[PDB]
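# Inside the fold
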Amino acid sequence: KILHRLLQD
Amino acid sequence: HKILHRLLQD
Amino acid sequence: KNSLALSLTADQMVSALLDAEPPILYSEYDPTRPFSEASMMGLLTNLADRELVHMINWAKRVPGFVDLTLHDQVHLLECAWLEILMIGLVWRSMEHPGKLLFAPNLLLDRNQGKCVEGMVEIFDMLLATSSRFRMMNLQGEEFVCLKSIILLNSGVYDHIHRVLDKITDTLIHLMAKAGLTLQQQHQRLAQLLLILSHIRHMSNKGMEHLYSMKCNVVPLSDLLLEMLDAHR
Amino acid sequence: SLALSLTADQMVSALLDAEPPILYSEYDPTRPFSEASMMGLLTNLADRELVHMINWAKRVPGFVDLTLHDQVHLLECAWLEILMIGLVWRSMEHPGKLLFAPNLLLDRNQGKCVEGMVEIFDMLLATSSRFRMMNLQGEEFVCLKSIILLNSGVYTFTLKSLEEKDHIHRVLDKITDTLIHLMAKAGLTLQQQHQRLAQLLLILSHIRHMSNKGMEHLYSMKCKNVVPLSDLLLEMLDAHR
Ligand SMILES: CCC1CCC(=C(c2ccc(O)cc2)c2ccc(O)cc2)CC1
Ligand SMILES: CCC1CCC(=C(c2ccc(O)cc2)c2ccc(O)cc2)CC1
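What counts, and at which threshold
- Residues numbered from 1 in each chain as written, not as in the entry; some residues may be left out.
- Chains lettered and ligands numbered in written order.
- Heavy atoms only, no water.
- Residues with missing side-chain atoms left out of burial classes, pairs and counts.
- Helix = DSSP H or I, 4+ residues; strand = E, 2+ residues; numbered from the N terminus.
- Rg over C-alpha atoms; globule rule 2.2 N^0.38 Å.
- UniProt positions renumbered as here; feature names shortened; annotations may be inferred.
- 1 Å grid on protein atoms, 1.4 Å probe; cavity = no way out; pocket = protein on both sides within 12 Å on 5 of 7 lines; lining within 4 Å.
- Buried < 20%, exposed > 50% of the residue type's maximum accessible area, 1.4 Å probe, protein only.
- Contact = heavy atoms within 4.5 Å.
- Nonpolar A, V, L, I, M, F, W, Y, C, P; charged D, E, K, R; others polar.
- Buried area = accessible area lost by both parts, 1.4 Å probe.
- Salt bridge = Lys/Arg side-chain N within 4 Å of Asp/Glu carboxyl O.
- Polar contact = N/O pair within 3.5 Å; in protein donor to acceptor, adjacent residues only side chain to side chain.
- Near = heavy atom within 4 Å.
- Areas by Shrake-Rupley, 256 points an atom, 1.4 Å probe, with all protein chains shown as cover.

The record names X-ray crystallography as the way this model was obtained, at a resolution of 2.2 Å.

### Section: the overall build of chain D
Along chain D, the regular secondary structure elements total 8 helices and 2 strands. Taken from the N to the C terminus, the helices and strands of chain D come in the order α-α-α-β-β-α-α-α-α-α. Whereas a compact globule of 241 residues would reach a radius of gyration of roughly 18 Å, chain D reaches 18 Å, a difference of no more than 12%. Expressed along its principal axes, the backbone C-alpha trace of chain D runs to roughly 55 × 45 × 30 Å.

### Focus: the UniProt feature "binding site: 17beta-estradiol" in chain C
All names here are of chain C. In this structure's numbering, the residues bearing the UniProt feature "binding site: 17beta-estradiol" are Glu-51, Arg-92 and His-209. Those annotated residues from the list above that line the largest cavity are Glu-51, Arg-92 and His-209. In this structure, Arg-92 sits in helix α4 (residues 70-92). Taking the relative accessible area as the measure of exposure, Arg-92 reaches 16% and is therefore buried. Apart from residues lying up to four places away in sequence, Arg-92 is in contact with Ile-24, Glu-51, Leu-101 and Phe-102. Mapped onto the elements, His-209 comes out in helix α9 (residues 182-214). By relative accessible area, which is 17% here, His-209 ends up buried.

### Observations regarding the interface of chain B and chain C
Opposite the 9 residues of chain B that make contact, chain C presents 13 residues. Split by residue class, the side of chain B that touches chain C holds 4 nonpolar, 3 polar and 2 charged.

### Section: the interface of chain C and chain D
Between chain C and chain D, the residue contacts involve 34 residues of the former and 33 residues of the latter. Both faces combined, the contact of chain C with chain D buries some 3,200 Å², and carbon together with sulfur accounts for 58% of it. At the boundary of chain C and chain D, one finds 0 salt bridges. The tally of links between chain C and chain D comes to 14 residue pairs in polar contact. Looking at the side of chain C that touches chain D, the elements that each hand over two or more residues are α6 (120-135), α7 (140-153), α8 (159-177) and α9 of chain C.

### Section: the site of ligand 2
All names here are of chain D. Taken together, the neighbourhood of ligand 2 is formed by 16 residues, with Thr-43, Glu-49, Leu-83, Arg-90 and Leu-233 sitting nearest. Within the contact set of ligand 2, an oxygen atom lies 2.7 Å away from a side-chain nitrogen or oxygen of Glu-49. Here an oxygen atom of ligand 2 and a side-chain polar atom of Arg-90 are 2.6 Å apart. Alone, ligand 2 offers 520 Å² of accessible surface; in the complex the protein occludes 97% of this. Within the residue set of the shell around ligand 2, elements represented by two or more residues are α2 (35-57), α3 (68-90) and α4 (117-134). When residues of the shell around ligand 2 are assigned to their parent elements, the largest contribution, 5 residues, is made by α2. Here the shell around ligand 2 is built from residues that sort into 13 nonpolar, 1 polar and 2 charged.

### Brief notes about the arrangement of the chains
Ranking the 3 pairs of chains in contact by number of contacts places chains C and D first. For the non-touching pair chain A and chain C, the nearest C-alpha separation works out to 22 Å. The least C-alpha distance between chain B and chain D, which are not in contact, is 20 Å.

What follows is the structure, given as structure tokens:
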């Protein structure tokens, strides 16, 4: 997911 | 005319 | 012009609400465990329909409610009816973890909550809310306050606002009577009220579900259809 | 946790400095008024706001103590609620108006799309009217927005790992304390503190309702291929089925 990716940054 | 109107009266 | 509700004491407000309480109704005495979409929703529709008649007469006994115009009463009931049904369901399901006591002769679990696309999500939410109320040791006096708040708040968008404040006072009064510290009072108050947001969510999702059942599973009553159509 | 260590004043300071900026839209008065292009502006605006919201959430005390899956869930659940309370907050000083952006002031007449959309619009207006009459403070608003993030999906969630839900409850209790602290500092009596606290939290029920009705329209929108929904917005929307 995009949301999961942005939360990892 | 809703049933709710009638029921709220009596 | 002035409402009797505001002139009531806290104990008077509690007694008025306790006395206004609708009865716990029974479902059909057909022994069958409902698994079919038609059978289960058939039982729930019939139950909710009879509960609604009691709810309407309950609402008129909620202090401040009859002081509103008939059209405002109609509006608040159309807005909150499923919320009110659900918190009642959640309340009487407290002492039955993992189950929903729709009626004393109708306890459903998650397994029956399957079988139909769109239930088990809402079913799980109802269970979590029930479990939450149980862990907080929600009292009957608190429950009737919350249910009344839902009736008056959900479709509120000066009189209602002051009545809502009055019920808030009543909740605090109950917690203080229960021997809670001031810190525990405002914390518990906050916890209770935040659950109302979940109840709102469950109602909205449930309402969507009902429109889907409406567009031809089980025949709805004219009353249910009008309460349903009120949510567009 | 660091959140359970913060004082009420430190909690407020933390939230205040984690505040996202107010973004502009691409609104142009010299452009025609396609209420599908209004939704164009709002979609584009919401999408850019989401990026700031995500980085804002990671600076909400206690949020990053949770697993990535739980962080995702809470944001998926609350994103529109959080956008809407932000919208309502910045629209306070504008009676009858919604301030979507500093360059985008819409009332219910420059309108719309209607029956249903005008309803959501009216509800937002009413909520804003409520914040204004309550004289909602900035410190109270950042508490409320943080409560929504943590509360809106605290249920609706494997096994064993359930003390994380306990941790969320602990942080929520702290924010409750912070709210009361703010009201006490404001000189409100005990009765006035409890009443205002209740009034604030009952508003979250309205914000939840507006989000669900708004989500319905966005799903109704999507399937009609109106606005081109962004990739992130599509994923956030699919979370609500
Ligand atoms: C997960 C399924 C969910 C559907 C909605 C619920 C209903 C419900 C809620 C509380 C009750 O005491 C009685 C009935 C319901 C069902 C059918 C109907 O025509 C009206 C209300 C609660 C359960
Ligand atoms: C009455 C219209 C209503 C529609 C939903 C709202 C939106 C909204 C809310 C808050 C904002 O800061 C920015 C945008 C919105 C619009 C489109 C979209 O793809 C996502 C969110 C609020 C207004």
